[PDB]
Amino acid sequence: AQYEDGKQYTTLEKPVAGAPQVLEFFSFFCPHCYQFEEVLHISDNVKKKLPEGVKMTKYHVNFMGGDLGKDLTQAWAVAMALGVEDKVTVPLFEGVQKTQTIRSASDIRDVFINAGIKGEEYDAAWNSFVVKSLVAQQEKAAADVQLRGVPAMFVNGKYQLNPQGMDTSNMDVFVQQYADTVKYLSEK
């Protein structure tokens, strides 16, 4: 077969029922995740190869960065609750990994203020039980797959992308192989 278990993807031994159709995990501390966002735009290119309106879900993880890692999972919940993911993803990645200006929850909040989220609006969300629920959802989804590494993408709770088994001499070719694999898996 052109697509083979163990090559472009692996099959979960314990599939996860009722999972999101396309589920990505990342950390703002994760170096390949930085590439996946700013250099490769993996999520956008996957979406462009899937049918219109299909659910893509993207969740932050706790297991990198200690205290701040957990603050970032909560901030991602705020971003999802307010719908401002596209406004804060790049400045959070660059503040953690490029300028290293994010050292505290207050620095995370500054990114949202600078992106135009009002202070009262950010603080109300940060402390909301709706956001507590979104944090729990992010934790539960990672726990469902005993997630120990990012970037990770899961398709229908059954298949895990294997980018290590793709060619990376050409960055566009890699993105295309990755997106085409998600499409193939989604059609299984």
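Numbering starts at 1 and runs along the sequence shown. Heads up, when I say rigid core I mean the largest set of C-alphas that superpose within 1.5 Å between the two forms.
- In 5 other deposited structures of this protein, superposed on the rigid core, the segment with the larger root-mean-square CA displacement between 121-129 and 52-60 is 52-60.
- Looking at mean Cα B-factors across 67-75 and 108-116, the upper value is held by 108-116.
- Set 5-13 against 171-179 and average the Cα temperature factors; 5-13 ends up higher.
- Within the group 38, 123, 139, 44, the record's highest C-alpha temperature factor is found at 38.
- Ranked against the other modelled residues of its chain, the C-alpha B-factor of residue 23 as given in the entry falls in the lowest third.
- When the modelled residues of the chain are ordered by their C-alpha B factor, residue 60 lands in the lowest third.
- In the deposited entry, the Cα temperature factor of residue 81 places it in the highest third of its chain's modelled residues.
- When the modelled residues of the chain are ordered by C-alpha B-factor, residue 54 sits in the highest third.
- Sort the modelled residues of the chain by CA B factor and residue 30 lands in the lowest third.
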